[PDB]
file protein00.cif (mmCIF, C-alpha atoms and all ligand atoms)
data_work
#
loop_
_atom_site.label_atom_id
_atom_site.label_comp_id
_atom_site.auth_asym_id
_atom_site.auth_seq_id
_atom_site.Cartn_x
_atom_site.Cartn_y
_atom_site.Cartn_z
CA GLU B 1 16.01 -16.71 15.50
CA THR B 2 13.59 -15.97 12.66
CA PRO B 3 16.06 -15.63 9.78
CA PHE B 4 15.29 -13.18 7.02
CA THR B 5 16.71 -11.84 3.74
CA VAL B 6 15.59 -8.79 1.79
CA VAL B 7 16.99 -7.38 -1.45
CA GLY B 8 16.04 -3.82 -2.30
CA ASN B 9 16.93 -0.21 -1.80
CA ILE B 10 17.69 2.01 1.13
CA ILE B 11 15.01 4.71 0.98
CA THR B 12 15.88 6.88 3.94
CA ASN B 13 18.97 8.73 5.05
CA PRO B 14 20.55 6.44 7.56
CA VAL B 15 21.07 7.60 11.04
CA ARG B 16 23.74 6.79 13.56
CA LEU B 17 22.90 6.46 17.24
CA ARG B 18 25.22 5.76 20.17
CA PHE B 19 24.91 3.86 23.49
CA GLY B 20 28.29 4.32 25.12
CA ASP B 21 30.64 1.58 23.88
CA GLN B 22 28.13 0.65 21.08
CA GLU B 23 26.81 2.06 17.78
CA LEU B 24 23.63 1.61 15.79
CA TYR B 25 23.11 2.46 12.15
CA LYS B 26 19.45 2.41 11.15
CA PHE B 27 17.71 2.85 7.83
CA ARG B 28 14.62 1.84 5.88
CA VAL B 29 14.60 -0.61 3.02
CA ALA B 30 12.06 -1.13 0.25
CA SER B 31 11.63 -4.27 -1.84
CA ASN B 32 10.52 -4.86 -5.44
CA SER B 33 6.02 -4.37 -1.76
CA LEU B 34 7.86 -4.59 1.60
CA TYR B 35 9.11 -1.73 3.86
CA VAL B 36 11.29 -2.64 6.79
CA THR B 37 13.64 -0.87 9.20
CA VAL B 38 17.16 -2.42 9.29
CA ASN B 39 19.42 -2.11 12.29
CA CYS B 40 23.15 -2.58 12.07
CA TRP B 41 25.45 -2.77 15.10
CA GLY B 42 29.18 -2.95 15.64
CA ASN B 43 31.44 -3.66 12.72
CA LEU B 44 28.37 -3.96 10.55
CA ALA B 45 27.27 -0.44 11.48
CA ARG B 46 30.75 0.60 10.47
CA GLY B 47 30.94 -1.13 7.07
CA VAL B 48 27.51 0.10 6.17
CA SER B 49 27.94 3.79 7.19
CA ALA B 50 31.30 3.85 5.38
CA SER B 51 29.90 2.34 2.19
CA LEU B 52 26.12 2.95 1.56
CA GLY B 53 23.41 5.66 1.53
CA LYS B 54 19.88 6.66 0.46
CA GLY B 55 19.06 5.19 -2.93
CA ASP B 56 21.61 2.39 -2.83
CA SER B 57 20.58 -1.05 -3.83
CA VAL B 58 21.24 -3.44 -0.97
CA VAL B 59 21.26 -7.12 0.13
CA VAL B 60 20.29 -7.51 3.80
CA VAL B 61 20.49 -10.64 5.87
CA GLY B 62 19.54 -11.06 9.52
CA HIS B 63 16.73 -11.82 11.92
CA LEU B 64 13.25 -10.42 11.91
CA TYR B 65 11.42 -9.24 15.00
CA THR B 66 8.63 -7.00 16.25
CA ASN B 67 9.41 -3.88 18.24
CA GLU B 68 6.62 -2.42 20.43
CA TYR B 69 6.64 1.32 21.41
CA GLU B 70 4.59 4.56 22.21
CA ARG B 71 2.24 1.17 17.82
CA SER B 72 4.44 -1.91 17.08
CA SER B 73 6.61 -2.31 13.98
CA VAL B 74 8.68 -4.91 12.18
CA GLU B 75 12.46 -4.57 12.08
CA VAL B 76 15.58 -6.47 11.04
CA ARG B 77 18.54 -7.09 13.24
CA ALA B 78 21.08 -7.36 10.40
CA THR B 79 23.96 -9.75 10.47
CA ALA B 80 25.31 -9.03 6.93
CA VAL B 81 24.65 -6.24 4.48
CA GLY B 82 26.18 -5.61 1.09
CA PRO B 83 25.53 -3.58 -2.03
CA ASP B 84 23.72 -5.55 -4.73
CA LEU B 85 26.36 -6.02 -7.42
CA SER B 86 23.69 -6.70 -10.04
CA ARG B 87 23.01 -2.94 -9.94
CA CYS B 88 26.51 -1.47 -9.20
CA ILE B 89 30.28 -2.12 -8.71
CA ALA B 90 32.38 -2.05 -5.55
CA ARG B 91 36.02 -1.52 -4.44
CA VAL B 92 36.39 -3.72 -1.36
CA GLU B 93 38.80 -2.67 1.43
CA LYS B 94 39.66 -4.68 4.45
CA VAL B 95 39.97 -2.93 7.83
CA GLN B 96 43.24 -3.72 9.63
CA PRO B 97 42.36 -4.89 13.19
CA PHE M 1 7.98 -22.79 -6.89
CA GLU M 2 11.81 -22.30 -6.78
CA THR M 3 13.75 -22.85 -3.51
CA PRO M 4 15.11 -19.51 -2.18
CA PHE M 5 18.48 -19.51 -0.52
CA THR M 6 20.92 -17.24 1.24
CA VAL M 7 24.52 -17.94 2.19
CA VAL M 8 27.08 -15.69 3.87
CA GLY M 9 30.77 -16.65 3.72
CA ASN M 10 33.83 -16.35 1.50
CA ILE M 11 34.69 -17.02 -2.09
CA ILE M 12 37.28 -19.81 -1.94
CA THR M 13 38.15 -20.33 -5.60
CA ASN M 14 39.26 -18.10 -8.45
CA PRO M 15 36.15 -17.33 -10.31
CA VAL M 16 35.67 -18.64 -13.83
CA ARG M 17 34.15 -16.63 -16.68
CA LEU M 18 32.30 -18.29 -19.55
CA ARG M 19 30.59 -16.53 -22.49
CA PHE M 20 27.57 -17.74 -24.54
CA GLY M 21 26.84 -15.36 -27.39
CA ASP M 22 25.27 -12.37 -25.56
CA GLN M 23 25.33 -13.89 -22.08
CA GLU M 24 28.01 -14.15 -19.41
CA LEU M 25 28.50 -16.57 -16.57
CA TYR M 26 30.76 -15.97 -13.60
CA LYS M 27 30.96 -18.75 -11.19
CA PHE M 28 32.87 -19.64 -8.08
CA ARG M 29 32.84 -21.63 -4.91
CA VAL M 30 31.65 -20.30 -1.52
CA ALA M 31 32.37 -21.56 1.99
CA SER M 32 30.18 -20.51 4.82
CA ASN M 33 31.63 -18.88 7.93
CA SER M 34 30.07 -21.29 10.54
CA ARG M 35 31.53 -21.31 14.02
CA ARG M 36 32.35 -23.89 16.63
CA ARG M 37 34.38 -23.57 19.92
CA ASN M 38 29.81 -26.92 10.61
CA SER M 39 30.75 -26.01 7.00
CA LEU M 40 28.76 -25.42 3.84
CA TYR M 41 30.38 -25.41 0.36
CA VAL M 42 28.38 -24.39 -2.74
CA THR M 43 28.98 -23.33 -6.32
CA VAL M 44 27.45 -19.91 -7.12
CA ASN M 45 26.51 -18.90 -10.65
CA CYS M 46 26.15 -15.27 -11.62
CA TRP M 47 24.73 -14.15 -14.96
CA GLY M 48 24.23 -10.89 -16.78
CA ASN M 49 24.75 -7.68 -14.94
CA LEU M 50 25.40 -9.71 -11.79
CA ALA M 51 28.28 -11.52 -13.48
CA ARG M 52 29.69 -8.12 -14.44
CA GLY M 53 29.40 -6.49 -11.00
CA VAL M 54 30.88 -9.53 -9.33
CA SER M 55 33.88 -9.95 -11.65
CA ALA M 56 34.71 -6.24 -11.35
CA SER M 57 34.36 -6.27 -7.55
CA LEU M 58 35.18 -9.62 -5.88
CA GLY M 59 37.70 -12.48 -5.99
CA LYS M 60 39.20 -15.38 -4.09
CA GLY M 61 39.21 -14.81 -0.33
CA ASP M 62 36.59 -12.04 -0.33
CA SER M 63 33.73 -12.18 2.10
CA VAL M 64 30.32 -12.49 0.38
CA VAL M 65 26.58 -12.35 0.83
CA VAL M 66 24.81 -14.49 -1.78
CA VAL M 67 21.07 -14.56 -2.41
CA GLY M 68 19.25 -16.66 -5.04
CA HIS M 69 17.78 -20.08 -5.64
CA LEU M 70 19.23 -23.50 -4.92
CA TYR M 71 19.48 -26.38 -7.46
CA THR M 72 20.94 -29.85 -7.64
CA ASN M 73 22.57 -30.96 -10.86
CA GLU M 74 23.01 -34.73 -11.24
CA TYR M 75 25.52 -34.35 -14.27
CA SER M 76 25.66 -34.55 -8.38
CA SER M 77 26.45 -30.95 -7.33
CA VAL M 78 24.59 -28.29 -5.37
CA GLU M 79 24.51 -24.87 -6.97
CA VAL M 80 23.07 -21.46 -6.49
CA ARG M 81 21.55 -19.33 -9.24
CA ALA M 82 22.39 -15.99 -7.68
CA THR M 83 20.09 -12.99 -7.86
CA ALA M 84 22.12 -10.63 -5.66
CA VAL M 85 25.66 -10.83 -4.44
CA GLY M 86 27.57 -8.31 -2.42
CA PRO M 87 30.58 -8.10 -0.16
CA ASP M 88 29.75 -8.63 3.59
CA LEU M 89 30.02 -5.18 5.16
CA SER M 90 30.35 -6.71 8.65
CA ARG M 91 33.82 -7.76 7.60
CA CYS M 92 34.91 -5.06 5.13
CA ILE M 93 34.21 -1.68 3.49
CA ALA M 94 33.02 -0.96 -0.06
CA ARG M 95 33.35 2.07 -2.25
CA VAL M 96 30.27 1.74 -4.48
CA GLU M 97 30.14 3.00 -8.19
CA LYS M 98 27.15 2.70 -10.72
CA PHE I 1 26.50 -18.49 12.10
CA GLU I 2 24.61 -21.53 10.68
CA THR I 3 22.95 -21.36 7.21
CA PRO I 4 19.13 -21.44 7.55
CA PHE I 5 17.17 -23.30 4.94
CA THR I 6 13.63 -24.13 3.92
CA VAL I 7 12.45 -26.63 1.33
CA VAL I 8 8.93 -27.60 0.30
CA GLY I 9 8.40 -30.82 -1.68
CA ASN I 10 7.94 -34.55 -1.22
CA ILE I 11 9.68 -37.32 0.62
CA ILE I 12 10.94 -39.63 -2.14
CA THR I 13 12.59 -42.44 -0.18
CA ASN I 14 11.54 -44.74 2.63
CA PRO I 15 12.86 -43.14 5.70
CA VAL I 16 15.60 -44.83 7.69
CA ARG I 17 15.71 -44.98 11.49
CA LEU I 18 18.99 -45.20 13.40
CA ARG I 19 19.42 -45.27 17.20
CA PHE I 20 22.41 -44.03 19.27
CA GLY I 21 21.93 -44.80 22.94
CA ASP I 22 19.28 -42.22 23.96
CA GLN I 23 19.05 -40.46 20.60
CA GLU I 24 17.13 -41.21 17.42
CA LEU I 25 17.74 -40.24 13.83
CA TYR I 26 15.15 -40.40 11.08
CA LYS I 27 16.35 -39.48 7.73
CA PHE I 28 15.05 -39.40 4.21
CA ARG I 29 15.37 -37.79 0.85
CA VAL I 30 13.29 -34.79 -0.33
CA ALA I 31 12.57 -33.54 -3.86
CA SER I 32 11.34 -30.07 -4.37
CA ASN I 33 8.14 -29.38 -6.30
CA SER I 34 9.61 -26.85 -8.85
CA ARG I 35 7.61 -26.12 -11.96
CA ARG I 36 8.34 -25.58 -15.61
CA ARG I 37 5.91 -25.39 -18.64
CA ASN I 38 14.32 -27.11 -11.93
CA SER I 39 14.75 -29.82 -9.23
CA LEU I 40 16.34 -29.89 -5.81
CA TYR I 41 17.19 -33.16 -4.00
CA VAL I 42 18.40 -33.15 -0.37
CA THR I 43 18.81 -35.54 2.53
CA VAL I 44 16.91 -34.42 5.65
CA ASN I 45 17.91 -35.52 9.14
CA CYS I 46 15.46 -35.42 12.01
CA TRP I 47 16.49 -36.02 15.62
CA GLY I 48 14.75 -36.33 18.95
CA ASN I 49 11.13 -35.44 19.20
CA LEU I 50 11.23 -34.40 15.55
CA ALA I 51 12.36 -37.88 14.54
CA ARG I 52 9.42 -39.28 16.52
CA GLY I 53 6.74 -36.97 15.09
CA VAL I 54 7.98 -37.53 11.57
CA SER I 55 8.18 -41.35 11.74
CA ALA I 56 4.69 -41.52 13.24
CA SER I 57 3.24 -39.11 10.65
CA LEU I 58 4.99 -39.17 7.24
CA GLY I 59 6.44 -41.57 4.67
CA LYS I 60 7.48 -42.01 1.05
CA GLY I 61 5.41 -39.87 -1.32
CA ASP I 62 4.11 -37.46 1.33
CA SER I 63 4.28 -33.75 0.72
CA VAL I 64 6.54 -31.93 3.22
CA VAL I 65 7.64 -28.58 4.56
CA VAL I 66 11.17 -28.76 5.97
CA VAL I 67 12.90 -26.04 7.96
CA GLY I 68 16.42 -26.19 9.44
CA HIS I 69 20.06 -25.63 8.58
CA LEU I 70 22.03 -26.73 5.55
CA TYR I 71 25.39 -28.62 5.65
CA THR I 72 27.77 -30.23 3.23
CA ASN I 73 29.43 -33.48 4.22
CA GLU I 74 32.54 -34.40 2.21
CA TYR I 75 32.57 -38.12 3.53
CA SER I 76 30.19 -34.97 -0.85
CA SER I 77 26.48 -34.71 0.07
CA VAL I 78 24.16 -31.84 0.94
CA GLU I 79 22.04 -32.36 4.02
CA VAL I 80 19.56 -30.59 6.19
CA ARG I 81 19.54 -30.68 9.98
CA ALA I 82 15.81 -30.20 10.38
CA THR I 83 14.28 -28.13 13.14
CA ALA I 84 10.64 -28.36 12.03
CA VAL I 85 8.96 -30.62 9.56
CA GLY I 86 5.31 -30.84 8.71
CA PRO I 87 3.05 -32.05 5.94
CA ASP I 88 2.22 -29.32 3.32
CA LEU I 89 -1.39 -28.35 4.01
CA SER I 90 -1.73 -26.81 0.51
CA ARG I 91 -1.72 -30.36 -0.78
CA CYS I 92 -3.32 -32.40 2.03
CA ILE I 93 -5.15 -32.42 5.38
CA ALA I 94 -3.80 -33.35 8.82
CA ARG I 95 -5.50 -34.57 11.94
CA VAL I 96 -3.13 -33.30 14.65
CA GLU I 97 -2.56 -35.15 18.06
CA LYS I 98 -0.12 -34.12 20.97
CA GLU W 1 9.02 -12.07 -3.91
CA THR W 2 10.52 -11.59 -0.45
CA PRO W 3 10.53 -15.20 0.76
CA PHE W 4 9.96 -15.88 4.43
CA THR W 5 9.70 -18.77 6.92
CA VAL W 6 8.42 -18.65 10.48
CA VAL W 7 8.10 -21.49 12.99
CA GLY W 8 5.88 -20.85 15.99
CA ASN W 9 2.35 -20.98 17.27
CA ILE W 10 -1.00 -19.77 16.10
CA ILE W 11 -2.15 -17.40 18.84
CA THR W 12 -5.52 -16.27 17.56
CA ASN W 13 -8.67 -18.03 16.50
CA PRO W 14 -8.43 -18.14 12.76
CA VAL W 15 -11.05 -16.53 10.70
CA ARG W 16 -12.46 -17.40 7.32
CA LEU W 17 -13.42 -14.69 4.86
CA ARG W 18 -14.95 -15.03 1.40
CA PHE W 19 -14.66 -13.09 -1.91
CA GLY W 20 -17.00 -14.93 -4.24
CA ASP W 21 -15.10 -17.81 -5.87
CA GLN W 22 -12.21 -17.39 -3.33
CA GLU W 23 -11.48 -18.01 0.37
CA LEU W 24 -9.08 -16.54 2.88
CA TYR W 25 -8.05 -18.06 6.18
CA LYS W 26 -6.22 -15.60 8.41
CA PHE W 27 -4.52 -15.97 11.76
CA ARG W 28 -1.70 -14.61 13.90
CA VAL W 29 1.53 -16.41 14.59
CA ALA W 30 4.09 -15.91 17.34
CA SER W 31 7.72 -17.00 17.28
CA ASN W 32 10.14 -18.14 19.98
CA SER W 33 9.88 -12.33 19.52
CA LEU W 34 7.95 -12.00 16.22
CA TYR W 35 4.17 -11.51 15.68
CA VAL W 36 2.86 -11.76 12.15
CA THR W 37 -0.50 -12.19 10.43
CA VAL W 38 -0.57 -15.19 8.02
CA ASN W 39 -2.95 -15.35 5.09
CA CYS W 40 -3.87 -18.60 3.41
CA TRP W 41 -5.85 -18.82 0.16
CA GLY W 42 -7.34 -21.61 -1.89
CA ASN W 43 -6.37 -25.17 -1.15
CA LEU W 44 -4.05 -23.88 1.52
CA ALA W 45 -6.94 -22.13 3.28
CA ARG W 46 -8.68 -25.47 3.12
CA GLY W 47 -5.88 -27.68 4.50
CA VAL W 48 -5.23 -25.23 7.28
CA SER W 49 -8.87 -24.69 8.43
CA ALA W 50 -9.42 -28.47 8.34
CA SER W 51 -6.30 -29.23 10.37
CA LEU W 52 -5.12 -26.40 12.75
CA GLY W 53 -6.32 -23.94 15.44
CA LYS W 54 -5.37 -21.53 18.24
CA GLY W 55 -2.43 -22.87 20.19
CA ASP W 56 -1.11 -25.18 17.49
CA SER W 57 2.53 -25.20 16.71
CA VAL W 58 3.05 -24.36 13.06
CA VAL W 59 5.62 -24.10 10.21
CA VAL W 60 4.77 -21.29 7.78
CA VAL W 61 6.40 -20.59 4.47
CA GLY W 62 5.55 -17.80 2.03
CA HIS W 63 6.23 -14.22 1.07
CA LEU W 64 6.38 -11.22 3.33
CA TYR W 65 4.79 -7.88 2.55
CA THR W 66 3.47 -4.68 4.08
CA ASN W 67 -0.24 -3.93 4.07
CA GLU W 68 -1.32 -0.28 4.50
CA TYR W 69 -4.83 0.59 5.86
CA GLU W 70 -7.07 3.02 7.97
CA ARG W 71 -1.53 2.21 10.21
CA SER W 72 0.50 -0.30 8.09
CA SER W 73 1.32 -3.86 9.17
CA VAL W 74 3.44 -6.80 8.13
CA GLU W 75 1.78 -9.95 6.80
CA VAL W 76 2.62 -13.28 5.17
CA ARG W 77 1.08 -14.55 2.01
CA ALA W 78 1.55 -18.25 2.81
CA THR W 79 2.41 -20.80 0.22
CA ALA W 80 2.81 -23.83 2.58
CA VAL W 81 1.78 -24.40 6.16
CA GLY W 82 2.12 -27.49 8.30
CA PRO W 83 2.00 -28.51 11.93
CA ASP W 84 5.45 -28.70 13.53
CA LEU W 85 5.98 -32.42 14.07
CA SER W 86 8.66 -31.74 16.69
CA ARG W 87 5.76 -30.78 19.01
CA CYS W 88 2.92 -33.12 17.82
CA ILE W 89 1.83 -36.02 15.52
CA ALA W 90 -0.35 -35.99 12.41
CA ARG W 91 -2.62 -38.32 10.38
CA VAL W 92 -2.25 -37.11 6.79
CA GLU W 93 -5.19 -37.45 4.37
CA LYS W 94 -5.13 -36.66 0.72
CA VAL W 95 -8.12 -34.87 -0.84
CA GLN W 96 -9.45 -36.64 -3.96
CA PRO W 97 -9.66 -34.03 -6.78
CA CA T 1 23.67 9.46 7.37
CA CA T 2 -12.01 -20.55 13.26
#

call {"tool": "encode", "arguments": {"input": "protein00.cif", "output": "structure tokens"}}
result
Amino acid sequence: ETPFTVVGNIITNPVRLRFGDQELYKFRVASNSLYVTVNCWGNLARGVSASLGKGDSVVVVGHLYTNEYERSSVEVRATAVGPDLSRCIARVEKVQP
Amino acid sequence: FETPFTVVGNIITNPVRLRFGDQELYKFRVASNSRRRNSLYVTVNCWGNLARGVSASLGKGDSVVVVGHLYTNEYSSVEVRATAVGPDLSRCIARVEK
Amino acid sequence: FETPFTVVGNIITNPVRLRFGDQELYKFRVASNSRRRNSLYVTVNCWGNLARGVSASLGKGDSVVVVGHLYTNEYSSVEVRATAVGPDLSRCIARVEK
Amino acid sequence: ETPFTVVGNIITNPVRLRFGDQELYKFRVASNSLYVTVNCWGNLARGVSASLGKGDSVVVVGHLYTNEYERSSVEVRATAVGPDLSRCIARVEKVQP
């Protein structure tokens, strides 16, 4: 419940990870400096893996949090991600349910 | 000291293009996808390269992520000067071209 | 999926209290401190403990930080359901009591 | 130019630091989880040192960035800070220029 928006560029090769039913798509974003790891789940992990990659210019919206581990780092739980249409063009396709 | 703003929702009008010598405006109305089991309507203004990307890529009904700065115009209407707009990839797919 | 919002500026009206059985509303208008060498006007609504803190602490002219969620009401007016409000300590001092 | 807002509590004893003409007032904030270091400068460092302390409930607005050093961590360059009047009361005093 700390909302957060970052506009920038994916700077790593995203990675998919599975947890049975569920899917995570993870990547790093740089802003224009801020470096943050973005985590997409579900249908968002889908849209993003199908559409974006390293070097793409991106708009990320979600919630910011700290993740402690064996250091502690700052990450986004994304709720919406899109390509930044100031820097590119997109063909949009809906996914039949 | 501008007021930053983000809205996620859907374009709900047919966007309107306007040219001013060099410059281009593309503007449209956005409704936010709030849920109860509370709505937000705003006019978004895209300029420049952003106007171009958006007119080539999005239209009435499409899901959107809009980032920019919020303004009131007493002319009184609440408007966003967008800095980045994209389709919402939680609700769609995009084939990206530069 | 509410739309979060933050505005920093000044209260520019005398706030208005309204009671509804248990509940209290304190509402007022805010202008944002934008600079040129572009304004934003919004109605802010505080409820509950926030209505109490704000009525005890702030009034017309005071500098404010407002955090909450943004709404349009077609009744059409743009309003904030505030979650946290405070004086802007870049422009003032506050002696805090709980 | 990545804007950011956090509402929470100061959880360390703030510290003042000087650089000649200029003053920094630094403290840690927790949200309701996110931990972030907040940096106030100038008149903001003033208002905040004069008004707040460990345990106070706070509204922080500014810009988020990453700071690299001998690790890298996420910090806020605050532009406005106030006590959260949902959790307290305040007497406001203007500072004659
Ligand atoms: Ca990949
Ligand atoms: Ca101290």

call {"tool": "residues_around", "arguments": {"input": "protein00.cif", "residues": "residue 35 (chain W)", "least_positions_apart": "4", "cutoff": "12 Å", "atoms": "only C-alpha atoms", "output": "JSON, numbers by chain"}}
result
{"B": [2, 64, 65, 66, 67, 68, 72, 73, 74, 75], "W": [6, 7, 8, 9, 10, 11, 12, 27, 28, 29, 30, 31, 73, 74, 75, 76]}

call {"tool": "write_last_selection", "arguments": {"input": "protein00.cif", "atoms": "C-alpha atoms", "output": "PDB file, in the coordinates of the input"}}
result
ATOM      1  CA  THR B   2      13.590 -15.970  12.660  1.00  0.00           C
ATOM      2  CA  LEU B  64      13.250 -10.420  11.910  1.00  0.00           C
ATOM      3  CA  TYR B  65      11.420  -9.240  15.000  1.00  0.00           C
ATOM      4  CA  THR B  66       8.630  -7.000  16.250  1.00  0.00           C
ATOM      5  CA  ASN B  67       9.410  -3.880  18.240  1.00  0.00           C
ATOM      6  CA  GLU B  68       6.620  -2.420  20.430  1.00  0.00           C
ATOM      7  CA  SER B  72       4.440  -1.910  17.080  1.00  0.00           C
ATOM      8  CA  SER B  73       6.610  -2.310  13.980  1.00  0.00           C
ATOM      9  CA  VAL B  74       8.680  -4.910  12.180  1.00  0.00           C
ATOM     10  CA  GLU B  75      12.460  -4.570  12.080  1.00  0.00           C
TER      11      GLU B  75
ATOM     12  CA  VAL W   6       8.420 -18.650  10.480  1.00  0.00           C
ATOM     13  CA  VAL W   7       8.100 -21.490  12.990  1.00  0.00           C
ATOM     14  CA  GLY W   8       5.880 -20.850  15.990  1.00  0.00           C
ATOM     15  CA  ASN W   9       2.350 -20.980  17.270  1.00  0.00           C
ATOM     16  CA  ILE W  10      -1.000 -19.770  16.100  1.00  0.00           C
ATOM     17  CA  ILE W  11      -2.150 -17.400  18.840  1.00  0.00           C
ATOM     18  CA  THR W  12      -5.520 -16.270  17.560  1.00  0.00           C
ATOM     19  CA  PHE W  27      -4.520 -15.970  11.760  1.00  0.00           C
ATOM     20  CA  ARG W  28      -1.700 -14.610  13.900  1.00  0.00           C
ATOM     21  CA  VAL W  29       1.530 -16.410  14.590  1.00  0.00           C
ATOM     22  CA  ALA W  30       4.090 -15.910  17.340  1.00  0.00           C
ATOM     23  CA  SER W  31       7.720 -17.000  17.280  1.00  0.00           C
ATOM     24  CA  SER W  73       1.320  -3.860   9.170  1.00  0.00           C
ATOM     25  CA  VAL W  74       3.440  -6.800   8.130  1.00  0.00           C
ATOM     26  CA  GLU W  75       1.780  -9.950   6.800  1.00  0.00           C
ATOM     27  CA  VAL W  76       2.620 -13.280   5.170  1.00  0.00           C
TER      28      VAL W  76
END

call {"tool": "closest_residue", "arguments": {"input": "protein00.cif", "among": "B:15, B:78, B:90, B:1", "to": "chain M", "atoms": "all atoms listed in the file"}}
result
B:90

call {"tool": "residues_around", "arguments": {"input": "protein00.cif", "residues": "region 16-23 of chain B", "least_positions_apart": "6", "cutoff": "12 Å", "atoms": "all atoms listed in the file", "output": "PyMOL selection string"}}
result
chain B and resi 39-50

call {"tool": "closest_residue", "arguments": {"input": "protein00.cif", "among": "B:26, B:38, B:62, B:71", "to": "chain W", "atoms": "all atoms listed in the file"}}
result
B:71

call {"tool": "atom_distance", "arguments": {"input": "protein00.cif", "atom1": "CA of residue 92 (chain M)", "atom2": "CA of residue 35 (chain M)"}}
result
18.8 Å

call {"tool": "closest_residue", "arguments": {"input": "protein00.cif", "among": "B:87, B:63, B:77, B:94", "to": "chain I", "atoms": "all atoms listed in the file"}}
result
B:63

call {"tool": "interface_residues", "arguments": {"input": "protein00.cif", "of": "chain M", "to": "chain W", "cutoff": "12 Å", "atoms": "only C-alpha atoms", "output": "number ranges by chain"}}
result
M: 1-6, 67-69, 83

call {"tool": "interface_residues", "arguments": {"input": "protein00.cif", "of": "chain M", "to": "chain I", "cutoff": "12 Å", "atoms": "all atoms listed in the file", "output": "PyMOL selection string"}}
result
chain M and resi 1-9+30-36+38-43+65-67+69-74+76-81

call {"tool": "atom_distance", "arguments": {"input": "protein00.cif", "atom1": "CA of residue 61 (chain B)", "atom2": "CA of residue 34 (chain W)"}}
result
16.3 Å

call {"tool": "decode", "arguments": {"input": "protein00.cif", "residues": "region 33-44 of chain B", "atoms": "N, CA, C and O atoms", "output": "mmCIF file, in the first residue's frame"}}
result
data_model
loop_
_atom_site.group_PDB
_atom_site.id
_atom_site.type_symbol
_atom_site.label_atom_id
_atom_site.label_comp_id
_atom_site.auth_asym_id
_atom_site.auth_seq_id
_atom_site.Cartn_x
_atom_site.Cartn_y
_atom_site.Cartn_z
ATOM 1 N N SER B 33 19.410 9.037 -10.619
ATOM 2 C CA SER B 33 19.111 7.713 -11.188
ATOM 3 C C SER B 33 18.488 6.706 -10.183
ATOM 4 O O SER B 33 18.871 6.619 -8.998
ATOM 5 N N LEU B 34 17.559 5.899 -10.683
ATOM 6 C CA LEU B 34 16.902 4.880 -9.852
ATOM 7 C C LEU B 34 16.934 3.488 -10.514
ATOM 8 O O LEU B 34 16.559 3.360 -11.667
ATOM 9 N N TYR B 35 17.352 2.469 -9.762
ATOM 10 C CA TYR B 35 17.388 1.071 -10.203
ATOM 11 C C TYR B 35 16.452 0.319 -9.307
ATOM 12 O O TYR B 35 16.559 0.398 -8.103
ATOM 13 N N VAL B 36 15.511 -0.415 -9.886
ATOM 14 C CA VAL B 36 14.573 -1.162 -9.073
ATOM 15 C C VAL B 36 14.196 -2.500 -9.791
ATOM 16 O O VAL B 36 14.170 -2.602 -10.998
ATOM 17 N N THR B 37 13.978 -3.536 -9.024
ATOM 18 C CA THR B 37 13.516 -4.790 -9.521
ATOM 19 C C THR B 37 11.982 -4.758 -9.571
ATOM 20 O O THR B 37 11.360 -4.295 -8.630
ATOM 21 N N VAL B 38 11.389 -5.179 -10.692
ATOM 22 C CA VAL B 38 9.941 -5.154 -10.889
ATOM 23 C C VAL B 38 9.468 -6.594 -10.973
ATOM 24 O O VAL B 38 10.110 -7.418 -11.580
ATOM 25 N N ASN B 39 8.372 -6.896 -10.318
ATOM 26 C CA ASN B 39 7.859 -8.238 -10.269
ATOM 27 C C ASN B 39 6.478 -8.236 -10.835
ATOM 28 O O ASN B 39 5.605 -7.576 -10.300
ATOM 29 N N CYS B 40 6.251 -9.004 -11.888
ATOM 30 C CA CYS B 40 4.911 -9.159 -12.430
ATOM 31 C C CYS B 40 4.376 -10.583 -12.199
ATOM 32 O O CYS B 40 5.106 -11.552 -12.305
ATOM 33 N N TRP B 41 3.095 -10.691 -11.913
ATOM 34 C CA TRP B 41 2.459 -11.954 -11.595
ATOM 35 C C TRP B 41 1.241 -12.101 -12.475
ATOM 36 O O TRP B 41 0.690 -11.113 -12.971
ATOM 37 N N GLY B 42 0.808 -13.334 -12.672
ATOM 38 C CA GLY B 42 -0.463 -13.577 -13.345
ATOM 39 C C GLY B 42 -0.527 -13.063 -14.790
ATOM 40 O O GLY B 42 0.438 -13.161 -15.565
ATOM 41 N N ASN B 43 -1.677 -12.497 -15.125
ATOM 42 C CA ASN B 43 -1.912 -11.958 -16.410
ATOM 43 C C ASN B 43 -0.947 -10.831 -16.769
ATOM 44 O O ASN B 43 -0.616 -10.624 -17.946
ATOM 45 N N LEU B 44 -0.437 -10.147 -15.751
ATOM 46 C CA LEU B 44 0.574 -9.158 -15.988
ATOM 47 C C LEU B 44 1.900 -9.804 -16.395
ATOM 48 O O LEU B 44 2.585 -9.285 -17.275
#
